[PDB]
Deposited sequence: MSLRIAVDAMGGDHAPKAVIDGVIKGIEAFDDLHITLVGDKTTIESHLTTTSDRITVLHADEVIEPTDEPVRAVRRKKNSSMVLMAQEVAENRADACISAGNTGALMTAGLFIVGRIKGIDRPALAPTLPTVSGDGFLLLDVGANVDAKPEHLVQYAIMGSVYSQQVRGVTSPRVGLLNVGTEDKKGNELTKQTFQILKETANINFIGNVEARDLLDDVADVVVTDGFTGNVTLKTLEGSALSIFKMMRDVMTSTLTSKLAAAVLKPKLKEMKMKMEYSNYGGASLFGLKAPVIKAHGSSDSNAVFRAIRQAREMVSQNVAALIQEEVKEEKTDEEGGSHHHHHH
């Protein structure tokens, strides 16, 4: 069987959006059981059809989207975020999902759930879209900001694993986000990573990758440090919004179907890939987009489900061993 603890209190639109997505996953997946974590009264007022596959856990408090992560997770020991993480930690759930404070989520993920044996630090990993449509992974966009070469190499392995297990990519192309293609380009961190990735028997290292080609399918996995990762992600996103608003005001003055344009607009929509996972933890912890609708939560439930069944954490535990990266 399978079981996922979900945060209902987090996200712009819940508990409704969260509870509607949960209901869409119990109808599509017969082996799925879910633990709704939130305010018992509030949660009940949104789900009619009582099922034995939906359980509820009462969460007295919330980690607002403004609280300090570390403090919140340490102080609000009865919040939805914290309670959800302990369900996973105490063997009462295999995966967990939240739309709540991303920082609180990673702190809860890191100190409650724990890390896979052999992983120094985890990485926030969302799958972004491409002009074609295949998509790509951007490893580390928030989890940790002053990384070391060692960590980045771990990121390429865990990304490759997820890419070839869950996304079905044959031999995921790993690229290093850099400022030039030559071997010596980048900051000191990047230069050092490049040398090591050249020696990692475990993955298909295509080399450095310029950021102007991210949306143009240059690689299946792009690796970076959280700081540059997070800046790159918000740059892509803002760039899209800004350009869309320009184009869309341009139609409102005097007048490319509404549905035709809608197609591409949806292919860019970041929430069309399921949410960013925290690669490296003992069990899948997914940061569902805060602006998540009913379907987006469903797509995140689907993602946690694939990750467990694909034995992604056990495979990450083997591919990180030096016997597989050296020879």
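By the record, the deposited chain contains unmodelled runs at 1, 257-263, 336-345, with no C-alpha atoms placed there.
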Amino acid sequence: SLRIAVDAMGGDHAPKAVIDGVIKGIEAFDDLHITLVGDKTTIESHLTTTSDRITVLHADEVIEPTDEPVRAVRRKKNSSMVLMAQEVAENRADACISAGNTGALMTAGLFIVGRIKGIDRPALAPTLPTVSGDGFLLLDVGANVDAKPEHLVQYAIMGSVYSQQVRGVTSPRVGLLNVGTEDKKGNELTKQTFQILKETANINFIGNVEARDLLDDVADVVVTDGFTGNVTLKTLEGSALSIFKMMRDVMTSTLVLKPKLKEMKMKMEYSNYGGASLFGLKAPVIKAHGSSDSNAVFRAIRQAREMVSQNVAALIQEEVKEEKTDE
From here on, numbers count along this sequence of modelled residues.
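Per the PDB record, of the two stretches 243-251 and 203-211, 243-251 carries the greater mean B-factor over its C-alpha atoms.
Look at the mean CA B-factor for 277-285 and for 25-33 in the entry; the higher one is 25-33. Among all modelled residues in its chain, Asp225 ranks in the lowest third by Cα B-factor. Sort the chain's modelled residues by C-alpha temperature factor and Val231 lands in the lowest third, per the entry. In this PDB entry, the Cα temperature factor of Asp134 sits in the top third of its chain's modelled residues, the highest group.
Per the deposited record, the Cα B-factor of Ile119 falls in the lowest third when ranked against the other modelled residues of its chain.
When the modelled residues of the chain are ordered by their C-alpha B factor, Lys184 lands in the middle third.
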